[PDB]
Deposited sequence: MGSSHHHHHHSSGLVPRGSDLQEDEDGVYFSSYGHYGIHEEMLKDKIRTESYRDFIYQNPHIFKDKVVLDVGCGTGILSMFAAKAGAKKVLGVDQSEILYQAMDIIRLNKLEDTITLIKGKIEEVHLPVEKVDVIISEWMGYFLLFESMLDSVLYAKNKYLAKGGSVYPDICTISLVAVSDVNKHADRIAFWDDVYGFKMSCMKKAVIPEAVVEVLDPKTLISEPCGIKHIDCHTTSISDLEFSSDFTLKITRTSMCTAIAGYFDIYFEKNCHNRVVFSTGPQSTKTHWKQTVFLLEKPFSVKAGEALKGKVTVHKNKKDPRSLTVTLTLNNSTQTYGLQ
């Protein structure tokens, strides 16, 4: 229940979906809509208000039972049918749907995300010529300078109440941090490392490598690389919608993902800082090469 309330109170998230649906009612009017991972049912209710003929909401979680009651309280049970289970194993009362909507995104876009279910639903159930939203997603990296926070996580361990705990550094570094960043600590322009169009992407595309260049904007000690993502509603829209989960934008419940550097290093404004990033699915991991050393991170 906690995560659902939190997601609902994320105005950037929820108003973005609302605005997309309500300001592009042509996408939904008289359509059959599938809401993958429907939670409390809010997106299904948006689609119904925008004129969907039929909305199918699917979720494996027990939250679905609350969604059943919610749909009834709003007198939408003749338009919205809820079905409990995984999309891969439930029985739908139709063979195809016109439109798929989902809020599936995890931290750093792909940590513990439901994208694999959305792609499954697309391939099995989306009608020829139908649409999936949000349709376009990107992931970006940006360089960070925060010597104080680095000292808080790392140097901290050299003297803990008079005792050495230096070995703990090796357990800290590999753990990606999810936290909202002070934008004043950003020291580069961002760089896109991944572009996903949900119509054409397959599950194998979610493991990928990218060379990147960060255009440094402040001479400083680089202490971490941060990651975030942008979500786009584009296809057939008269009113396009975008939101970013980056540190320069209003915070969301996804915050930002932070990959600490074991050994901070100096950079200069105007420098082109080059590195490489690879994401693997085992429990996703992120392998980063930068300044001649490599580290793999997990969440």
- Task: Could you sort out which parts of the deposited sequence are absent from the coordinates (no C-alpha) and give them as ranges from 1?
- Result: 1-35, 318-322, 340
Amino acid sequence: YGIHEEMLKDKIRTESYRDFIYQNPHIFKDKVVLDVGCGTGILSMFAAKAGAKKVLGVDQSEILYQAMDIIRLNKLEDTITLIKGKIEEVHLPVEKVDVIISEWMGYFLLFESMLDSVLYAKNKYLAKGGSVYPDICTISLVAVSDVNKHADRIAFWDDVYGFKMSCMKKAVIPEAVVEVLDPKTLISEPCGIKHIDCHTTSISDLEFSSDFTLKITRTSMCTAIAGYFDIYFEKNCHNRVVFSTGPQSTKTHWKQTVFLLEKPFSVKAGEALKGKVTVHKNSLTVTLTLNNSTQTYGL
From here on, numbers count along this sequence of modelled residues.
- Higher avg CA temperature factor (163-171 vs 136-144, as deposited) belongs to 163-171
- Query: Between 252-260 and 51-59, which has the higher average C-alpha B-factor in the PDB entry?
  - Reply: 51-59
- From the list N24, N282, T14, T287, select the residue with the highest C-alpha B factor recorded in the entry. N282
- Item | C-alpha B-factor winner, where the candidates are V178, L115, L181, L109 | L115
- Query: Taking the entry's C-alpha B-factors for this chain, is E234 in the lowest, middle or highest third?
  - Reply: middle
- Query: For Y228, does the deposited CA B-factor place it in the lowest, middle or highest third of the chain?
  - Reply: lowest
- So, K194's CA B-factor, relative to its chain, sits in which third? The middle
- Message: What third of the chain does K215 rank in for C-alpha temperature factor, lowest, middle or highest?
- Response: middle
- Sorting the chain's modelled residues by C-alpha B-factor and splitting them into thirds places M45 in the lowest
